[PDB]
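Enquirer: Sharing coords_9.cif, mmCIF, C-alpha atoms and all ligand atoms:
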```cif
data_start
loop_
_atom_site.label_atom_id
_atom_site.label_comp_id
_atom_site.auth_asym_id
_atom_site.auth_seq_id
_atom_site.Cartn_x
_atom_site.Cartn_y
_atom_site.Cartn_z
CA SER O 1 -68.64 -66.69 63.33
CA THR O 2 -67.54 -64.20 65.98
CA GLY O 3 -64.67 -63.73 68.39
CA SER O 4 -64.21 -61.72 71.56
CA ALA O 5 -60.99 -61.16 73.48
CA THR O 6 -59.97 -58.98 76.38
CA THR O 7 -57.18 -56.49 75.77
CA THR O 8 -55.09 -55.36 78.74
CA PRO O 9 -52.82 -52.31 79.20
CA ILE O 10 -49.16 -53.29 79.45
CA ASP O 11 -48.45 -50.72 82.17
CA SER O 12 -49.96 -48.05 84.42
CA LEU O 13 -49.86 -45.46 81.61
CA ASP O 14 -51.78 -47.43 78.95
CA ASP O 15 -48.68 -47.26 76.75
CA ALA O 16 -50.04 -50.18 74.72
CA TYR O 17 -52.58 -52.97 75.07
CA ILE O 18 -51.98 -56.70 74.67
CA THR O 19 -54.49 -59.34 73.65
CA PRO O 20 -53.93 -63.11 73.92
CA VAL O 21 -53.75 -64.89 70.56
CA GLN O 22 -53.59 -68.65 70.02
CA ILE O 23 -51.12 -69.70 67.31
CA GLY O 24 -50.52 -73.23 66.06
CA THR O 25 -51.40 -76.74 67.18
CA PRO O 26 -51.28 -77.32 70.10
CA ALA O 27 -52.02 -73.66 70.80
CA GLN O 28 -49.12 -71.36 71.63
CA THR O 29 -50.63 -68.30 73.30
CA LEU O 30 -48.80 -65.03 72.64
CA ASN O 31 -49.86 -61.58 73.83
CA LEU O 32 -49.99 -59.38 70.74
CA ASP O 33 -50.46 -55.65 70.31
CA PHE O 34 -53.49 -55.26 68.03
CA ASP O 35 -52.53 -52.44 65.68
CA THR O 36 -55.15 -50.87 63.42
CA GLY O 37 -52.31 -48.78 61.96
CA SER O 38 -50.37 -51.66 60.38
CA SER O 39 -51.06 -54.88 58.55
CA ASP O 40 -48.49 -57.50 59.62
CA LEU O 41 -49.01 -60.24 62.19
CA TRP O 42 -45.50 -60.79 63.51
CA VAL O 43 -44.23 -62.60 66.57
CA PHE O 44 -41.16 -63.16 68.64
CA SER O 45 -40.12 -66.67 67.77
CA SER O 46 -37.58 -69.44 68.14
CA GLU O 47 -35.85 -67.72 65.19
CA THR O 48 -35.44 -64.33 66.89
CA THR O 49 -31.82 -63.40 67.57
CA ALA O 50 -31.31 -64.55 71.16
CA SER O 51 -29.74 -61.28 72.35
CA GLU O 52 -32.90 -59.48 71.16
CA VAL O 53 -35.33 -61.54 73.27
CA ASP O 54 -35.82 -60.35 76.86
CA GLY O 55 -38.74 -62.17 78.48
CA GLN O 56 -41.17 -62.36 75.56
CA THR O 57 -43.12 -65.52 74.88
CA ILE O 58 -41.89 -66.98 71.59
CA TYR O 59 -43.69 -68.84 68.83
CA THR O 60 -41.89 -72.07 67.91
CA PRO O 61 -43.24 -73.20 64.52
CA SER O 62 -41.38 -76.52 64.74
CA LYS O 63 -43.69 -77.44 67.65
CA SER O 64 -46.88 -76.66 65.69
CA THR O 65 -48.27 -79.52 63.63
CA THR O 66 -50.20 -77.01 61.48
CA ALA O 67 -47.29 -74.66 60.78
CA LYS O 68 -45.99 -74.53 57.22
CA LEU O 69 -43.09 -72.45 55.97
CA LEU O 70 -44.28 -69.87 53.46
CA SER O 71 -41.34 -70.69 51.23
CA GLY O 72 -39.24 -67.72 50.16
CA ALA O 73 -41.42 -65.17 51.94
CA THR O 74 -39.75 -62.46 54.00
CA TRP O 75 -41.02 -59.38 55.77
CA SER O 76 -39.53 -56.17 57.10
CA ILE O 77 -41.38 -53.32 58.77
CA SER O 78 -40.54 -49.96 60.31
CA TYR O 79 -43.05 -48.21 62.53
CA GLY O 80 -43.80 -44.54 63.01
CA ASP O 81 -41.42 -44.24 65.98
CA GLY O 82 -38.48 -45.81 64.14
CA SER O 83 -38.87 -49.27 65.68
CA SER O 84 -38.50 -52.19 63.31
CA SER O 85 -38.55 -55.95 62.90
CA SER O 86 -38.03 -58.46 60.10
CA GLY O 87 -37.87 -62.16 59.37
CA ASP O 88 -39.50 -65.02 57.50
CA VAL O 89 -43.06 -66.31 57.30
CA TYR O 90 -45.09 -69.36 58.29
CA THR O 91 -48.74 -70.07 57.78
CA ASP O 92 -50.54 -71.46 60.79
CA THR O 93 -53.86 -71.55 62.58
CA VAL O 94 -54.52 -68.35 64.52
CA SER O 95 -57.41 -67.88 66.92
CA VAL O 96 -58.54 -64.73 68.72
CA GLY O 97 -61.19 -65.09 71.37
CA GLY O 98 -62.76 -68.15 69.74
CA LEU O 99 -62.50 -66.92 66.12
CA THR O 100 -60.18 -69.15 64.09
CA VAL O 101 -58.35 -68.49 60.82
CA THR O 102 -56.49 -71.35 59.20
CA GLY O 103 -53.56 -70.55 56.95
CA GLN O 104 -52.92 -67.16 58.51
CA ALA O 105 -49.53 -65.67 57.67
CA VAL O 106 -47.54 -65.60 60.92
CA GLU O 107 -44.43 -63.51 60.39
CA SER O 108 -41.61 -64.89 62.51
CA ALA O 109 -39.13 -62.26 63.65
CA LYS O 110 -35.46 -62.95 63.08
CA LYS O 111 -34.58 -59.40 64.19
CA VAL O 112 -36.35 -56.82 66.34
CA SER O 113 -35.26 -53.33 67.31
CA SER O 114 -34.47 -52.26 70.86
CA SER O 115 -37.94 -50.91 71.71
CA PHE O 116 -39.45 -54.33 71.08
CA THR O 117 -36.73 -56.13 73.05
CA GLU O 118 -37.39 -53.76 75.96
CA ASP O 119 -41.17 -54.38 75.91
CA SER O 120 -41.09 -57.77 77.65
CA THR O 121 -44.91 -57.79 77.70
CA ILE O 122 -45.44 -57.50 73.91
CA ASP O 123 -44.88 -60.79 72.08
CA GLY O 124 -45.61 -59.29 68.67
CA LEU O 125 -48.14 -57.26 66.73
CA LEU O 126 -51.40 -58.20 65.03
CA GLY O 127 -52.05 -55.71 62.25
CA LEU O 128 -55.63 -54.67 61.54
CA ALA O 129 -55.14 -51.97 58.88
CA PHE O 130 -55.81 -52.82 55.24
CA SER O 131 -53.86 -55.70 53.73
CA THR O 132 -52.38 -53.39 51.08
CA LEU O 133 -49.88 -52.34 53.79
CA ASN O 134 -48.69 -55.88 54.51
CA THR O 135 -44.93 -56.13 54.04
CA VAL O 136 -44.59 -59.81 53.10
CA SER O 137 -42.62 -60.28 49.88
CA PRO O 138 -42.84 -61.54 47.18
CA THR O 139 -46.47 -62.54 47.93
CA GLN O 140 -48.31 -59.98 50.05
CA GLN O 141 -50.40 -61.52 52.83
CA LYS O 142 -53.81 -60.73 54.31
CA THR O 143 -54.45 -59.58 57.85
CA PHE O 144 -56.25 -61.77 60.35
CA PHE O 145 -59.38 -59.63 59.93
CA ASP O 146 -59.18 -59.77 56.13
CA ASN O 147 -58.89 -63.56 56.27
CA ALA O 148 -61.75 -63.91 58.77
CA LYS O 149 -64.02 -61.31 57.19
CA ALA O 150 -66.10 -63.52 54.91
CA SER O 151 -66.77 -66.01 57.74
CA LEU O 152 -67.84 -63.39 60.29
CA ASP O 153 -71.50 -62.74 61.01
CA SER O 154 -70.83 -59.12 60.04
CA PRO O 155 -67.57 -57.90 58.43
CA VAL O 156 -66.62 -55.70 61.38
CA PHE O 157 -64.42 -55.58 64.42
CA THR O 158 -64.70 -53.25 67.38
CA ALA O 159 -62.17 -51.72 69.76
CA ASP O 160 -63.32 -50.88 73.29
CA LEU O 161 -60.10 -49.86 75.02
CA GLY O 162 -60.11 -49.25 78.75
CA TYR O 163 -58.67 -46.32 80.65
CA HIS O 164 -56.11 -47.85 83.03
CA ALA O 165 -58.24 -50.98 82.77
CA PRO O 166 -58.85 -53.88 80.39
CA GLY O 167 -61.09 -53.59 77.38
CA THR O 168 -62.37 -55.72 74.54
CA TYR O 169 -61.78 -56.49 70.87
CA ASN O 170 -64.81 -58.10 69.24
CA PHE O 171 -64.92 -59.58 65.75
CA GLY O 172 -68.07 -60.10 63.72
CA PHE O 173 -70.64 -58.35 65.91
CA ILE O 174 -71.52 -55.08 67.63
CA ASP O 175 -72.03 -55.40 71.39
CA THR O 176 -74.93 -52.98 71.83
CA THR O 177 -74.43 -53.05 75.61
CA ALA O 178 -70.89 -51.66 75.35
CA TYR O 179 -71.72 -48.03 74.52
CA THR O 180 -74.18 -45.27 75.31
CA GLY O 181 -76.31 -43.44 72.80
CA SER O 182 -75.83 -44.16 69.12
CA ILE O 183 -72.82 -45.02 66.99
CA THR O 184 -71.99 -42.27 64.50
CA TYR O 185 -70.45 -43.71 61.36
CA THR O 186 -68.09 -41.71 59.18
CA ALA O 187 -66.49 -42.30 55.80
CA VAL O 188 -63.12 -44.05 55.51
CA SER O 189 -60.45 -43.59 52.88
CA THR O 190 -58.30 -46.67 52.29
CA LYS O 191 -56.01 -44.83 49.86
CA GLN O 192 -53.08 -44.92 52.30
CA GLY O 193 -54.00 -48.35 53.68
CA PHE O 194 -55.26 -46.95 56.99
CA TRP O 195 -58.60 -46.49 58.72
CA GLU O 196 -58.41 -42.86 57.62
CA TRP O 197 -61.29 -40.50 58.31
CA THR O 198 -62.01 -36.80 58.81
CA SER O 199 -62.96 -35.45 62.20
CA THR O 200 -65.30 -32.46 62.07
CA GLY O 201 -63.48 -30.39 64.69
CA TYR O 202 -62.66 -30.07 68.34
CA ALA O 203 -63.27 -28.32 71.63
CA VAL O 204 -61.05 -27.78 74.67
CA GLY O 205 -62.62 -28.26 78.09
CA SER O 206 -65.91 -26.40 78.39
CA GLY O 207 -65.14 -24.27 75.34
CA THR O 208 -67.23 -23.98 72.23
CA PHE O 209 -66.70 -26.30 69.29
CA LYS O 210 -64.29 -25.31 66.51
CA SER O 211 -65.54 -26.70 63.21
CA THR O 212 -62.52 -27.77 61.16
CA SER O 213 -61.68 -30.86 59.13
CA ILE O 214 -58.98 -33.03 60.68
CA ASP O 215 -57.93 -35.92 58.46
CA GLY O 216 -56.36 -38.67 60.51
CA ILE O 217 -56.20 -42.38 61.21
CA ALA O 218 -57.79 -44.53 63.90
CA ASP O 219 -54.70 -46.32 65.23
CA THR O 220 -54.95 -48.65 68.24
CA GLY O 221 -51.19 -49.21 67.95
CA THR O 222 -50.33 -45.57 68.73
CA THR O 223 -50.40 -44.50 72.37
CA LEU O 224 -51.16 -40.79 72.05
CA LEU O 225 -53.37 -38.39 70.12
CA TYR O 226 -51.39 -36.56 67.42
CA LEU O 227 -53.12 -33.52 65.93
CA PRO O 228 -52.11 -30.39 63.98
CA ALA O 229 -49.82 -28.01 65.82
CA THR O 230 -52.55 -25.34 65.82
CA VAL O 231 -55.01 -27.59 67.66
CA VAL O 232 -52.38 -28.90 70.06
CA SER O 233 -51.22 -25.39 70.93
CA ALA O 234 -54.80 -24.30 71.58
CA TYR O 235 -55.19 -27.22 73.99
CA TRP O 236 -51.98 -26.76 75.96
CA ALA O 237 -52.46 -22.99 76.15
CA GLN O 238 -55.22 -23.76 78.66
CA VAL O 239 -52.78 -25.48 81.06
CA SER O 240 -50.63 -23.11 83.12
CA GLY O 241 -46.97 -23.94 82.67
CA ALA O 242 -47.46 -26.32 79.76
CA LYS O 243 -44.92 -26.00 76.99
CA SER O 244 -43.31 -27.96 74.19
CA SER O 245 -39.90 -29.34 75.17
CA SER O 246 -37.45 -30.30 72.43
CA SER O 247 -35.34 -32.29 74.89
CA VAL O 248 -38.33 -34.30 76.13
CA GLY O 249 -39.88 -34.60 72.67
CA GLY O 250 -43.26 -32.95 73.07
CA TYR O 251 -45.58 -31.00 75.31
CA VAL O 252 -45.03 -31.33 79.04
CA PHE O 253 -47.06 -29.78 81.83
CA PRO O 254 -46.78 -29.41 85.61
CA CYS O 255 -47.81 -32.61 87.34
CA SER O 256 -49.72 -30.36 89.78
CA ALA O 257 -52.18 -29.40 87.01
CA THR O 258 -55.66 -30.76 86.42
CA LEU O 259 -56.10 -31.13 82.66
CA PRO O 260 -59.08 -29.98 80.61
CA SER O 261 -61.01 -32.44 78.53
CA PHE O 262 -60.63 -32.57 74.76
CA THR O 263 -63.60 -33.14 72.46
CA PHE O 264 -63.34 -34.34 68.87
CA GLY O 265 -66.10 -34.32 66.29
CA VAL O 266 -67.42 -37.38 64.48
CA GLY O 267 -69.89 -35.95 62.00
CA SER O 268 -72.37 -34.04 64.13
CA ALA O 269 -71.54 -36.19 67.19
CA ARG O 270 -68.88 -35.56 69.82
CA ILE O 271 -66.43 -37.77 71.71
CA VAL O 272 -65.18 -36.25 74.97
CA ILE O 273 -61.74 -37.36 76.16
CA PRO O 274 -61.58 -36.65 79.93
CA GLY O 275 -58.62 -34.55 80.99
CA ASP O 276 -57.19 -37.39 83.07
CA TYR O 277 -56.78 -39.47 79.90
CA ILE O 278 -54.32 -36.85 78.62
CA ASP O 279 -52.00 -37.24 81.64
CA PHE O 280 -49.08 -39.59 80.93
CA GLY O 281 -47.39 -38.90 84.21
CA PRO O 282 -43.90 -37.85 85.20
CA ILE O 283 -41.37 -37.77 82.37
CA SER O 284 -39.03 -39.66 84.71
CA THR O 285 -39.63 -41.14 88.14
CA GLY O 286 -40.04 -38.38 90.71
CA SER O 287 -40.25 -35.58 88.16
CA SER O 288 -42.82 -32.85 88.60
CA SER O 289 -42.99 -32.45 84.82
CA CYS O 290 -45.65 -34.65 83.25
CA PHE O 291 -45.94 -35.80 79.65
CA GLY O 292 -48.96 -34.75 77.62
CA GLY O 293 -51.26 -37.18 75.85
CA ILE O 294 -52.01 -34.75 73.01
CA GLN O 295 -49.01 -34.01 70.83
CA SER O 296 -48.31 -32.37 67.50
CA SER O 297 -48.47 -34.42 64.32
CA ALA O 298 -46.37 -31.84 62.46
CA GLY O 299 -43.34 -34.10 62.15
CA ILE O 300 -45.37 -37.23 61.34
CA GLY O 301 -47.19 -36.24 58.15
CA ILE O 302 -50.56 -37.59 59.32
CA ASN O 303 -52.85 -37.03 62.28
CA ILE O 304 -53.23 -40.07 64.52
CA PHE O 305 -56.25 -40.81 66.69
CA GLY O 306 -54.34 -43.18 68.93
CA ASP O 307 -55.32 -44.81 72.20
CA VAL O 308 -55.83 -41.51 74.06
CA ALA O 309 -58.72 -40.76 71.70
CA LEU O 310 -59.93 -44.28 70.95
CA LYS O 311 -60.19 -45.35 74.59
CA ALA O 312 -62.76 -42.59 75.14
CA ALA O 313 -65.03 -44.31 72.62
CA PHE O 314 -66.52 -47.55 71.43
CA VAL O 315 -65.05 -47.79 67.92
CA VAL O 316 -66.42 -49.85 65.04
CA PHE O 317 -64.05 -50.78 62.22
CA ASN O 318 -66.56 -51.63 59.50
CA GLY O 319 -64.88 -53.70 56.79
CA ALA O 320 -67.89 -53.82 54.48
CA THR O 321 -67.31 -53.30 50.76
CA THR O 322 -67.28 -49.57 51.49
CA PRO O 323 -65.44 -49.40 54.84
CA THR O 324 -66.56 -46.95 57.50
CA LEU O 325 -65.66 -46.10 61.08
CA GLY O 326 -68.16 -45.79 63.90
CA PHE O 327 -67.70 -43.95 67.19
CA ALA O 328 -69.97 -44.03 70.22
CA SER O 329 -69.59 -42.56 73.67
CA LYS O 330 -69.35 -45.08 76.50
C1 LIG U 401 -43.47 -41.10 61.26
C2 LIG U 401 -44.27 -41.29 60.41
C3 LIG U 401 -45.30 -41.54 59.29
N1 LIG U 401 -46.11 -42.72 59.57
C4 LIG U 401 -45.28 -43.92 59.41
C5 LIG U 401 -46.62 -42.66 60.96
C6 LIG U 401 -47.43 -43.94 61.27
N2 LIG U 401 -47.05 -44.93 62.07
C7 LIG U 401 -47.87 -45.95 62.23
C8 LIG U 401 -47.47 -47.23 63.19
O1 LIG U 401 -46.31 -47.81 62.66
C9 LIG U 401 -48.69 -48.27 63.12
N3 LIG U 401 -49.52 -47.91 64.34
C10 LIG U 401 -48.61 -47.63 65.25
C11 LIG U 401 -47.77 -48.61 66.13
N4 LIG U 401 -46.71 -48.44 66.92
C12 LIG U 401 -46.41 -49.63 67.50
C13 LIG U 401 -45.38 -49.95 68.40
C14 LIG U 401 -45.66 -50.81 69.45
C15 LIG U 401 -44.66 -51.15 70.37
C16 LIG U 401 -43.38 -50.63 70.22
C17 LIG U 401 -43.09 -49.77 69.15
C18 LIG U 401 -44.09 -49.43 68.24
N5 LIG U 401 -43.80 -48.55 67.14
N6 LIG U 401 -47.29 -50.54 67.09
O2 LIG U 401 -48.15 -49.90 66.24
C19 LIG U 401 -47.29 -46.99 64.44
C20 LIG U 401 -49.07 -45.87 61.50
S1 LIG U 401 -48.99 -44.36 60.64
#
```
Do you think you could lay out the structure here as structure tokens?
Ligand SMILES: C#CCN(C)Cc1nc([C@]2(O)CN[C@@H](c3nc(-c4ccccc4N)no3)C2)cs1

Expert:
Amino acid sequence: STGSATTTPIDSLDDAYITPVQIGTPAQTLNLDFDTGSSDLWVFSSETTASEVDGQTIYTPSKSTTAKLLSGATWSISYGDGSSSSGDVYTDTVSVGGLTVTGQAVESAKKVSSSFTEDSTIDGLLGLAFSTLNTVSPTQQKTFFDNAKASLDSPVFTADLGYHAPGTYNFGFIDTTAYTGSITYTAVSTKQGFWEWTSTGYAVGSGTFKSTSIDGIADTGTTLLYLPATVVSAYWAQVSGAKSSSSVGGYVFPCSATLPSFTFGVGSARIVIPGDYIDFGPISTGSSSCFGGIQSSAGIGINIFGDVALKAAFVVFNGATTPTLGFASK
């Protein structure tokens, strides 16, 4: 089997991308944030504390003839930015772009933190990291991809995120028309439950390539590119007036600047992030200070190749027995 679904930025900054997902019978379509950095499929629901719902579409398991309570199962998750959600668990039929999994764990939120309440366009998350990170207790649950994997034509999914534009998640096949050149595959460590790999280095703008190993994760659920403070400083040093602001929470730069590109290495290949992809616009409406799309990972503990990086590439998440990641230019 295969599936293919369009993913759409939630706003003009590409802060996150949402993909329609059919849950239950008859289908209840929710727009979920596909997150290769986590492993829970959770949704706003009829059980979510009413004061914490602000315009999201909710899943109502009582209206699904295929929903079953996963008796005694609870979940609770906290994300890298401090946001969180928790609740109980149903199993139900979940379909993405024509690909159907029966008995998928659908984690129904009883509580969500403020950032989720404020994102009226995100109805939940669909985790695509390794199932070892799934938070359901006492019986850990598999991701949608893990459940679908054996049925797929090939045990892969691909992320083709757009720049200020829709993109595509495909399951079970590689769309050879969606990228230029060849896909360079690179080894993955699953030891932390992530799509964790080692970039071979970087370049800033037209500069030469700096060969250096950068261990990080391919995370569609993170907006920005988080890299070691050394690399990030070398990038922003090329932008007149750019500096790290403690009050703002990262590097800012004059909105009057044109940004240099940033290249990252995948083996001997190179992915070039255009400078415009690193511009996240005014820190507040009307400000002439703009927020940078490349930020330091120093306080995070791990480097994160988030959407800023991934949207410059066609990315293959190869879930074969030995997982790998593929990157192609596009
Ligand atoms: C600090 C530290 C150490 N370590 C935990 C960092 C990591 N964090 C992650 C993520 O939790 C999983 N991929 C990212 C994500 N973020 C959101 C999100 C979407 C909407 C609103 C709020 C959100 N947080 N959805 O997915 C964050 C992976 S590694």

Enquirer: Can you list every residue of chain O that has an atom at most 8 Å from ligand LIG 401 (chain U), with its nearest atom pair and the distance in Å to one decimal, using all atoms listed in the file, ordered by chain then number, as a tab-separated table?

Expert:
```
residue	atom	partner	partner_atom	distance
O:16	CA	U:LIG401	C14	6.9
O:33	CA	U:LIG401	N6	6.8
O:34	CA	U:LIG401	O2	7.8
O:35	CA	U:LIG401	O2	5.1
O:36	CA	U:LIG401	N3	6.4
O:37	CA	U:LIG401	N3	3.8
O:38	CA	U:LIG401	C9	4.7
O:78	CA	U:LIG401	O1	6.6
O:79	CA	U:LIG401	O1	3.3
O:80	CA	U:LIG401	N2	3.4
O:81	CA	U:LIG401	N5	5.1
O:82	CA	U:LIG401	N5	6.7
O:83	CA	U:LIG401	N5	5.2
O:84	CA	U:LIG401	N5	7.5
O:115	CA	U:LIG401	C16	5.6
O:116	CA	U:LIG401	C16	5.5
O:119	CA	U:LIG401	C16	7.2
O:122	CA	U:LIG401	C15	7.3
O:125	CA	U:LIG401	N6	6.8
O:194	CA	U:LIG401	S1	7.7
O:217	CA	U:LIG401	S1	7.5
O:219	CA	U:LIG401	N3	5.5
O:220	CA	U:LIG401	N3	6.7
O:221	CA	U:LIG401	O2	3.6
O:222	CA	U:LIG401	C10	4.4
O:223	CA	U:LIG401	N4	7.7
O:299	CA	U:LIG401	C1	7.1
O:300	CA	U:LIG401	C2	4.3
O:301	CA	U:LIG401	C3	5.7
O:302	CA	U:LIG401	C3	6.6
O:304	CA	U:LIG401	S1	7.2
```

Enquirer: Record the distance separating CA of residue 231 (chain O) and CA of residue 245 (chain O), expressed in Å with one decimal.

Expert: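 Between CA of residue 231 (chain O) and CA of residue 245 (chain O) the gap is 17.0 Å.
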
Enquirer: Using all atoms listed in the file, can you tell me which of O:121, O:200, O:287, O:189 comes closest to residue 55 (chain O)?

Expert: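 Of the candidates, the smallest distance to residue 55 (chain O) is held by O:121.
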
Enquirer: Do a neighbour search on residue 322 (chain O) at 10 Å with all atoms listed in the file, toss out local chain neighbours closer than 6 positions, and write the hits as a VMD selection string.

Expert: chain O and resid 187 to 190

Enquirer: Just C-alpha atoms for this one: save the residues we selected as a PDB file, keeping the file's coordinate frame.

Expert:
```pdb
ATOM      1  CA  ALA O 187     -66.490 -42.300  55.800  1.00  0.00           C
ATOM      2  CA  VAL O 188     -63.120 -44.050  55.510  1.00  0.00           C
ATOM      3  CA  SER O 189     -60.450 -43.590  52.880  1.00  0.00           C
ATOM      4  CA  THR O 190     -58.300 -46.670  52.290  1.00  0.00           C
TER       5      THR O 190
END
```

Enquirer: Could you name the residues that touch residue 6 (chain O) at 12 Å or less, counting only C-alpha atoms, but leaving out those on the same chain fewer than 3 positions away, as a VMD selection string?

Expert: chain O and resid 3 9 17 to 21 31 to 34 96 to 98 158 to 162 165 to 171

Enquirer: Could you check which of O:102, O:180, O:2, O:321 is closest to residue 271 (chain O), using only C-alpha atoms?

Expert: O:180

Enquirer: Write out as a list in words the residues lying within 7 Å of residue 314 (chain O), counting only C-alpha atoms and excluding same-chain residues fewer than 3 positions away.

Expert: residues 159, 160, 179, 327, 328, 329 and 330 of chain O

Enquirer: If you measure from CA of residue 117 (chain O) to CA of residue 57 (chain O), what distance in Å do you get, rounded to one decimal?

Expert: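 CA of residue 57 (chain O) lies 11.5 Å from CA of residue 117 (chain O).
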
Enquirer: What is the CA of residue 216 (chain O) to CA of residue 303 (chain O) distance in Å?

Expert: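 Between these atoms lies a distance of 4.3 Å.
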
Enquirer: Just the residues within 9 Å of residue 233 (chain O), please, counting all atoms listed in the file, with nothing from its chain fewer than 4 positions along; format it as JSON, numbers by chain.

Expert: {"O": [228, 229, 237, 238, 243, 244, 295, 296]}

Enquirer: Skip region 259-263 of chain O itself and residues of its chain fewer than 4 positions away, then list as an NGL selection string all residues within 8 Å of it, counting only C-alpha atoms.

Expert: :O and (202-206 or 235 or 238-239 or 270-276 or 278-279)

Enquirer: Please return as number ranges by chain every residue within 10 Å of (-55.8, -54.5, 60.7), taking into account all atoms listed in the file and the file's own coordinates.

Expert: O: 34-41, 126-131, 133-134, 142-146, 157, 193-195, 219-220, 317, 319

Enquirer: Rank O:201, O:124, O:282, O:207 by their smallest atom-to-atom distance to residue 268 (chain O), using only C-alpha atoms, and report the top residue only.

Expert: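 The answer is O:201, which sits nearest to residue 268 (chain O).
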
Enquirer: Which residue out of O:5, O:43, O:152, O:252 has the minimum interatomic distance to residue 281 (chain O) when all atoms listed in the file are used?

Expert: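 Distance minimum relative to residue 281 (chain O) lands on O:252.
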
Enquirer: With distances taken over all atoms listed in the file, which residue among O:112, O:242, O:89, O:310 lies nearest residue 290 (chain O)?

Expert: O:242

Enquirer: With all atoms listed in the file as the basis for distance, which of O:109, O:27, O:13, O:150 is at the shortest distance from residue 49 (chain O)?

Expert: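 Selected residue with least distance to residue 49 (chain O): O:109.
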